[PDB]
Amino acid sequence: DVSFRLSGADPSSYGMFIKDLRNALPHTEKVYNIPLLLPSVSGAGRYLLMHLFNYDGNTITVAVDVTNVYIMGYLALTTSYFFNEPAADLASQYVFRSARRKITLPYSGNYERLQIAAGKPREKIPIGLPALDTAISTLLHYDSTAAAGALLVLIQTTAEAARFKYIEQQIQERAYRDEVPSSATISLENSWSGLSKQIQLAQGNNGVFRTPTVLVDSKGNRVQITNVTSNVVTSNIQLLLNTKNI
Ligand SMILES: *[C@@H]1O[C@H](CO)[C@@H](O[C@@H]2O[C@H](CO)[C@@H](O)[C@H](O)[C@H]2NC(C)=O)[C@H](O)[C@H]1NC(C)=O
Ligand SMILES: OC[C@H]1O[C@@H](O[C@H]2[C@H](O)[C@@H](O)[C@H](O)O[C@@H]2CO)[C@H](O)[C@@H](O)[C@H]1O
């Protein structure tokens, strides 16, 4: 398991949590030096447990699919909650079996469905460490509209931060003040899968991408990623989604 506490949290301990979150994910190959996530893992070992503690010391445990860094659901006191999706339903046969009930949320984990449930796109949802504190607190007592938005915070401050160093850095800047994510942040989130694919495909194409990727950059500019010498590949991405899951 990995575990982050918001009390005493500062950019340092957050970064160290995000470091642990990346290191808990297993892999047997790096591709251009980037850990490559497994095509699949079997039974309970597919699932990473994150213990998260809000500023007051209350806690949820979040189950993460180690092959893709998707949140399956979480344990809040004695009630387990899981997205309405086959993967999460699978996950529920291995994690938090001893919860007193299990609730299935009325949406999948997809950013699109979570946005409808929340009634606002990610662009307009502040994120940061204080926002991650709100979100932990929310998920402690069921409320599905509120949870949509608490989960969109949670995905971005954990999973999306572990995937990209840039988004980890965006969170660390917001240690004490929330802020809507930059467009570049939405851009990377949306591109994770195509980047993972084109990183893997570059490797017998002399590090050239078969299909270029369009991103927005940190300065709000549209930019095009064409091979593995780009900063996105060299510095930014930290985990690759296996093409055997794309
Ligand atoms: C791989 O992508 C790099 C960009 O990171 C390409 O080099 C860039 O492309 C043109 C010049 O050819 C310029 O717009 C950029 O300023 C270049 N940037 C840097 C930092 O060199 C490179 O051409 C691509 N590789 C191939 C074979 O096309
Ligand atoms: O979309 C971002 C969101 O991905 C979810 O994955 C969705 C997937 O994109 C969609 O095809 C399907 O309906 O549900 C998937 C979940 O199994 C993740 O669940 C979530 O954590 C974010 O990564």
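Below, each value reflects all heavy atoms present in this structure, side chains not excepted, and no hydrogens, waters or symmetry copies. Counting begins at 1 with the first residue of the sequence.
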From [X] atom [atom1] to [Y] atom [atom2], the distance as rounded to the nearest 0.5 Å:
X      : Y      : atom1 : atom2 : result
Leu90  : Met72  : CG    : CE    : 9.5 Å
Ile186 : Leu188 : CD1   : CG    : 10.0 Å
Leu241 : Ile199 : CG    : CD1   : 12.0 Å
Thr157 : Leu52  : OG1   : CG    : 8.0 Å
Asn245 : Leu240 : CG    : CG    : 12.0 Å
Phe83  : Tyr74  : CZ    : OH    : 7.5 Å

*Heavy-atom side-chain contact between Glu123 and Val180 under 4.5 Å*: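 No, too far: nothing below the 4.5 Å cut-off.
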*asked:* Could you tell me if the side chain of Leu151 sits less than 4.5 Å from the side chain of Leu105, heavy atoms only?
replied: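 Answer yes - side chains close enough.
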Answer yes if [X] and [Y] sit in the same cluster of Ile, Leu, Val, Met, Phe, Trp and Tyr residues linked by side chain heavy atoms under 4.5 Å apart, and no otherwise.
X      : Y      : value
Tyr32  : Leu38  : yes
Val216 : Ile127 : no
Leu49  : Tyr94  : yes
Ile237 : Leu201 : no
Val233 : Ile246 : yes

Answer yes or no: is there a donor N or O on one side and an acceptor on the other, between the side chain of [X] and the main chain of [Y], under 3.5 Å?
X      : Y      : value
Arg163 : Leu239 : no
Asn242 : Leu37  : yes
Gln238 : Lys165 : no
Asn231 : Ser235 : no
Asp89  : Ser92  : no
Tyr107 : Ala118 : no
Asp65  : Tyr70  : no

Between [X] and [Y], what is the shortest heavy-atom contact and its length?
X      : Y      : value
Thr79  : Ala99  : C-CB, 4.1 Å
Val153 : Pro126 : CG2-O, 3.8 Å
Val66  : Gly45  : CG2-O, 4.0 Å
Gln156 : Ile167 : O-CG2, 4.1 Å

*Show the numbers, then the answer: is there a side-chain contact (heavy atoms from CB on, under 4.5 Å) between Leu75 and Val95?*
CA-CA 9 Å; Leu75 177 69; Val95 289; over 6 Å; no
*What residues form a side chain to side chain contact (heavy atoms under 4.5 Å, CB included) with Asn54, not counting sequence neighbours?*
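Checked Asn54 against side chain to side chain contact (heavy atoms under 4.5 Å, CB included); matches are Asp56, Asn58, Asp133, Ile136, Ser137, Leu140.
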*Can you list the residues that meet the side chain to side chain contact (heavy atoms under 4.5 Å, CB included) rule with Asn205, with sequence neighbours excluded?*
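Partners of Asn205 by the side chain to side chain contact (heavy atoms under 4.5 Å, CB included) criterion, ordered by chain and then number, come out as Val208, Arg210.
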Over 12 foreign heavy atoms within 6.0 Å of [atom1], [X]:
X     : atom1 : answer
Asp1  : CG    : yes
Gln93 : CD    : yes
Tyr55 : OH    : no

_Suppose we screen for ring-ring contact (aromatic ring centres under 6.0 Å, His included). Which residues come up paired with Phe17, at least two apart in sequence or across chains?_
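Partners of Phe17 by the ring-ring contact (aromatic ring centres under 6.0 Å, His included) criterion, ordered by chain and then number, come out as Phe4.
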*Results of salt bridge (charged side-chain N to carboxylate O under 4.0 Å, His left out) for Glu189 - residues two or more places apart only*: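 Counting only residues at least two positions away or on another chain, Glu189 forms a salt bridge (charged side-chain N to carboxylate O under 4.0 Å, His left out) with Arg122.
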*Under the salt bridge (charged side-chain N to carboxylate O under 4.0 Å, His left out) test, residues paired with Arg174 that sit two or more places apart*: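 For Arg174, the residues satisfying salt bridge (charged side-chain N to carboxylate O under 4.0 Å, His left out) (neighbours in sequence not counted) are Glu179.
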*Quick one: ring-ring contact (aromatic ring centres under 6.0 Å, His included) pairs with a partner in residues 139-163, sequence neighbours left out?*
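Of all non-adjacent pairs touching residues 139-163, those that pass ring-ring contact (aromatic ring centres under 6.0 Å, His included) are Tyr81-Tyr142.
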_Would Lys102 and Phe96 count as a cation-pi pair here, with the cationic atom under 6.0 angstrom from the ring centre and within 45° of the axis?_
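Pair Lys102/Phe96 does not count as cation-pi.
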*Between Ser182 and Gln170, do the side chains contain an N or O donor and an N or O acceptor separated by less than 3.5 Å?*
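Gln170 and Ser182 do have a side-chain donor-acceptor pair below 3.5 Å.
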_Looking only at side-chain N and O atoms, does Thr229 offer a donor or acceptor that is under 3.5 Å from a partner on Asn227?_
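On atom types as modelled, these side chains qualify, holding a pair under 3.5 Å.
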*Charged N to carboxylate O under 4.0 angstrom, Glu168 versus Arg22?*
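Salt bridge present between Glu168 and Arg22.
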